[PDB]
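# Coordinates in review
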Amino acid sequence: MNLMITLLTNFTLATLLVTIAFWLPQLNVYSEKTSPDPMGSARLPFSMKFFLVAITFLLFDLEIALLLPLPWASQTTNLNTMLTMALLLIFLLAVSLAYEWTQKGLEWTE
Amino acid sequence: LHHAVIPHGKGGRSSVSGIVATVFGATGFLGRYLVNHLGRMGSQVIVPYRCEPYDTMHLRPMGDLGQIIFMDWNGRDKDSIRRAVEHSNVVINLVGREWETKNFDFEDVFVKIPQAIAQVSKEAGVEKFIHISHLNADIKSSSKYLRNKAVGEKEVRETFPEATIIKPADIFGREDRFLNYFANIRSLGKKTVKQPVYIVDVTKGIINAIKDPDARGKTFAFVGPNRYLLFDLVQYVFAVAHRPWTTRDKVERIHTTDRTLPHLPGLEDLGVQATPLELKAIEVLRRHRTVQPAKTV
Ligand SMILES: NC(=O)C1=CN([C@@H]2O[C@H](COP(=O)(O)OP(=O)(O)OC[C@H]3O[C@@H](n4cnc5c(N)ncnc54)[C@H](OP(=O)(O)O)[C@@H]3O)[C@@H](O)[C@H]2O)C=CC1
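The rules we used
Here the numbering of residues is sequential along each chain, from 1 in written sequence order, and it may depart from the entry's numbering. Residues without coordinates do not appear. All chains are assigned letters beginning at A, and all ligands numbers beginning at 1, according to the order in which they are written. Summary scope: the chains shown constitute part of a larger assembly, and all values are computed over the shown part. Only heavy atoms go into the side-chain values, all of them from the structure, while hydrogens and water stay out. UniProt positions are given in the numbering used here, feature names are shortened, and annotations may be inferred rather than shown by experiment. Every helix listed is a DSSP run of H or I at least four residues long, and every strand listed is a run of E at least two residues long, numbered separately from the N terminus. How far a helix is expected to stretch is found by multiplying one less than its residue total by 1.5 Å. Relative accessibility thresholds used throughout: buried, under 20% of the residue-type maximum; exposed, over 50%; partly exposed, between the two (1.4 Å probe, protein chains only). This arc is built from the directions going out from the helix axis to the C-beta atoms. The contact criterion used throughout is that any non-hydrogen atoms of two residues lie within 4.5 Å. Contacts described as polar in this section are N or O atom pairs within 3.5 Å, which, within protein, must combine one atom able to donate a hydrogen with one able to accept it, while residues neighboring in sequence count only if both atoms come from side chains. Consider the strands pointing away from the viewer: the crossover is right-handed when the path from the first strand over the helix to the second runs clockwise. In this analysis, strands are considered paired if DSSP registers two or more bridges between them. When we say a residue is near a molecule or strand, we mean one of its heavy atoms is within 4 Å of it. Computed by Shrake-Rupley with a 1.4 Å probe, the accessible areas treat only the displayed protein chains as cover when residues are assessed. In this description, a nonpolar core means a group of buried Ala, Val, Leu, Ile, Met, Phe, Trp, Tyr and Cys residues linked to one another through side-chain atoms lying within 4.5 Å. Axes here mean lines fitted to C-alpha atoms, for a helix over just the part in contact, with angles spanning 0 to 180 degrees between N-to-C directions. Working rule for angles: under 35 degrees goes down as roughly parallel, over 145 as roughly antiparallel, 65 to 115 as roughly perpendicular, anything else as oblique. Handedness of a crossing is defined here by the sense of rotation of the near helix relative to the far one, left-handed for an anticlockwise turn of less than a right angle and right-handed for a clockwise turn. Here the nonpolar group is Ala, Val, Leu, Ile, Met, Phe, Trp, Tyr, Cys and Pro; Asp, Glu, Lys and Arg are the charged ones; every other residue, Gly included, is treated as polar.

Chain B is annotated in the PDB entry as NADH:ubiquinone oxidoreductase subunit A9 from Ovis aries. Readers searching the PDB will find this entry under the title "Deactive complex I, open4".

Chain A has the name NADH-ubiquinone oxidoreductase chain 3 in the PDB entry, where Ovis aries is given as its organism. Annotation of chain A in UniProt includes, under Catalytic activity, the sentence "a ubiquinone + NADH + 5 H(+)(in) = a ubiquinol + NAD(+) + 4 H(+)(out)". Its UniProt record, at the heading Subunit, says of chain A: "Core subunit of respiratory chain NADH dehydrogenase (Complex I) which is composed of 45 different subunits. Interacts with TMEM186. Interacts with TMEM242 (By similarity)."

### A word on the UniProt feature "transmembrane region" in chain A
All names here are of chain A. The feature "transmembrane region", as given by UniProt, occupies residues 3-23, 50-70 and 79-99 in the numbering adopted here. End C-alpha atoms of residues 3-23 are separated by 30 Å, and the span's content is 100% helix alongside 0% strand. A helix fraction of 100% and a strand fraction of 0% characterise residues 79-99, whose end C-alpha atoms lie 30 Å from each other.

### Observations regarding helix 2 (residues 48-67) of chain A
All names here are of chain A. With 20 residues, helix 2 should reach 28 Å at 1.5 Å per residue; the first-to-last C-alpha distance of 29 Å fits that figure. Along helix 2, the residues that are buried comprise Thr56, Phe60, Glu63 and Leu67. One side of helix 2 carries all its buried residues, which in axial view fall inside an arc of 60°. Exposed side chains of helix 2 directed beyond 90 degrees from the buried face belong to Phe50 and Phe57. Along its buried surface, helix 2 packs onto helix 3 (70-73) and helix 4 (79-102). One side-chain oxygen at the N-terminal end of helix 2 lies 3.5 Å from the backbone nitrogen of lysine 49; it belongs to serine 47.

### What to know about the pairing of strand 1 (residues 20-24) of chain B
Residues and elements named next belong to chain B. The buried count for strand 1 comes to 5 of 5 residues, which makes it a mostly enclosed element. Burial along strand 1 is two-sided: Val20, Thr22 and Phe24 facing one way and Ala21 and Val23 facing the other are all buried. The β-α-β motif built from strand 1, the intervening helix 1 (residues 29-39) and the parallel element strand 2 (residues 44-49) has right-handed crossover chirality. Examined bridge by bridge, strand 1 and strand 4 (residues 90-93) share 4 bridges and lie parallel to one another. When the bridges of strand 4 are listed, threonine 22 appears paired with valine 91.

### Remarks on the site of the ligand
Residue and element names in this part refer to chain B. In the vicinity of the ligand lie 25 residues, with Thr27, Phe29, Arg50, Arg97 and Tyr145 positioned nearest. The backbone of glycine 28 places a nitrogen or oxygen atom 3.4 Å from an oxygen atom of the ligand. Take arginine 50: an N or O atom from its side chain is 2.8 Å from an oxygen atom of the ligand. Summarising the interface, the protein chains cover 92% of the accessible area of the ligand, which totals 900 Å² for the free molecule.

### As for the environment of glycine 173 of chain B
If you trace the backbone, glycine 173 of chain B turns up in the loop between strand 7 (171-172) and helix 5 (179-184). Here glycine 173 of chain B is in contact with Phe29, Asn180, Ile199 and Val284 of chain B, once residues within four sequence places are set aside.

### So, the nonpolar core
Ranked by size, the top nonpolar core spans 61 residues in total, and within it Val23 and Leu38 of chain B carry the most contacts. If near-sequence neighbours (up to four positions away) are discounted, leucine 38 of chain B is found in contact with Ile19, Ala21, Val23, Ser43, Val45, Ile207 and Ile210 of chain B.

### Section: the sheet that holds strand 5 (residues 128-132) of chain B
Residue and element names in this part refer to chain B. Spatially, the 7 strands line up as an open sheet ordered 3-2-1-4-5-6-10, and their pairing is parallel. In the strand order of this sheet, the two ends are held by strand 3 (68-72) and strand 10 (219-222), each with one partner. Sheet twist, expressed as the average angle between the axes of neighbouring strands with direction ignored, equals 20°. The pairing of strand 2 with strand 3 spans 5 bridges and is classified as parallel. Looking across to strand 3, one finds that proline 48 is bridged to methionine 71. Strands in contact with helix 1 are strand 1, strand 2, strand 3 and strand 4; relative to strand 1, the strand with the most contacts, it is inclined by about 170°. Sheet contacts for helix 6 (residues 199-211): strand 4, strand 5, strand 6 (164-168) and strand 10; angle to strand 5, the most-contacted strand, approximately 155°.

### Here we look at the packing of helix 1 of chain B against helix 6 of chain B
When two helices pack together, you describe them by how their axes are tilted relative to each other and by the distance separating the axes. Residue and element names in this part refer to chain B. Between helix 1 and helix 6, the least distance of the axes is 9 Å, while the angle of their chain directions is 55°. With respect to their mutual orientation, helix 1 and helix 6 come out oblique. You can see that helix 1 and helix 6 cross each other, and the crossing is right-handed. Contact residues: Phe29, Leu30, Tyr33, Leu34, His37 and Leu38 in helix 1; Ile199, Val200, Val202, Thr203, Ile206, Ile207 and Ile210 in helix 6. Its residues assigned to classes, the contact of helix 1 with helix 6 comprises 11 nonpolar, 2 polar and no charged.

### So, the environment of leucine 277 of chain B
Within the element layout of this structure, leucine 277 of chain B appears in helix 9 (residues 277-285). Along the chain, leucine 277 of chain B and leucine 264 of chain B lie 13 residues apart, while their C-alpha atoms are 22 Å from each other.

Shown next as structure tokens:
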């Protein structure tokens with residue numbers, strides 16, 4: 001309840017600040033402006049590379065999602081199995097990175 | 001004629017035009033393009049300003065060096081008016097408000113200020129005086145604007161008998177309050193007929209009334225080439241601008257039809273071809289963009 005009140009208060013303060021920033025300078029009457037970029041009028045071409053680094057983030061973030069219960073997993077009584085699977089998951093994250101390296105995947109966003 | 005006021009040159013920026021103009025209310029919509037068109041001839045323009053000097057900055061590129069002289073004035077003080085008109089050979093009056101304020105109502109703006117300017121310019125030896133009234137000015141009118149403006153017209157005609165009085169109907173331009181009022185209102189349609197006049201035509205008419213000696217003591221009516229009904233005019237403004245603060249006096253003046261005055265001369269007698277709305281309304285309303293032309297009468 002305290003956390004929800006804190007989130008509500010921070011959202012309310014942010015909304016009030018954006019409200020002041022979009023209402024206070026509008027009350028100046030200065031002048032209307034007539035006839036209100038490097039590219040002229042062209043379509044943004046889709047780049048393969050930005051999408052590749054986005055999907056690479058998504059897959060390694062899933063591997064991070066698997067790695068996140070390790071500070072709780074180190075408390076177990078099957079420590080040989082736990083250490084084996086922890087080293088196996090970090091090794092599979094590293095093998096994903098090595099395959100992303102060696103097949104020209106990290107190129108011009110290296 | 002004095003030697004310093006003989007026209008020399010080719011009529012460009014650094015030439016001499018022989019016009020020494022005092023434009024009262026030059027910091028508005030008509031004074032902008034009037035000081036522009038006077039300064040491109042090489043005229044000595046005197047701009048009395050009520051506002052902050054920052055709001056006169058756009059009037060400074062409009063002429064050559066020393067050609068626009070800015071000076072302070074109060075609309076209730078005859079002394080500053082005399083200080084501003086005592087060297088001019090033509091005095092143009094463009095002082096107006098669409099609304100009344102706490103310090104100035106329609107009677108303070110349309111009656112007392114033009115009578116004061118015209119009377120002090122009469123006692124200062126000014127040859128040419130130009131007063132700007134509205135086409136729909138009438139004593140028994142529904143709006144206080146047009147009533148006090150007709151009374152001010154009568155007072156200017158009786159205190160400066162050689163004054164040129166000019167009647168534009170509803171002026172449209174980039175900084176207007178006619179097409180931009182319609183484009184942002186998001187009032188209705190009635191049986192109101194309007195013929196709007198274009199601001200460069202009004203400015204060319206004011207200057208050709210400065211230059212013509214036969215325009216002394218005349219009353220002109222500056223109207224556009226096409227009369228439109230109010231509803232399809234407003235719909236054509238919404239069609240060009242790609243769309244689906246006020247007072248009651250502005251509503252009374254939008255729903256007041258523009259009267260036909262055939263006995264008064266117009267822009268065709270001052271050598272000005274009237275520019276239609278269909279050529280310049282795109283130039284006005286391209287700002288409001290995120291077309292079938294309007295039917296006349
Ligand atoms: N649709 C139109 O444009 C039409 C206009 N007219 C008339 O033409 C004239 C000029 O029109 P427009 O450019 O649109 O008007 P604006 O409101 O745009 O300009 C008025 C000018 O007069 C000054 N002024 C206003 N009130 C006072 C005052 N009480 N004392 C001193 N100076 C004052 C303003 O200065 P400041 O910035 O300090 O207020 C400004 O320089 C007006 O008289 C108007 O009635 C006639 C027919 C149609």
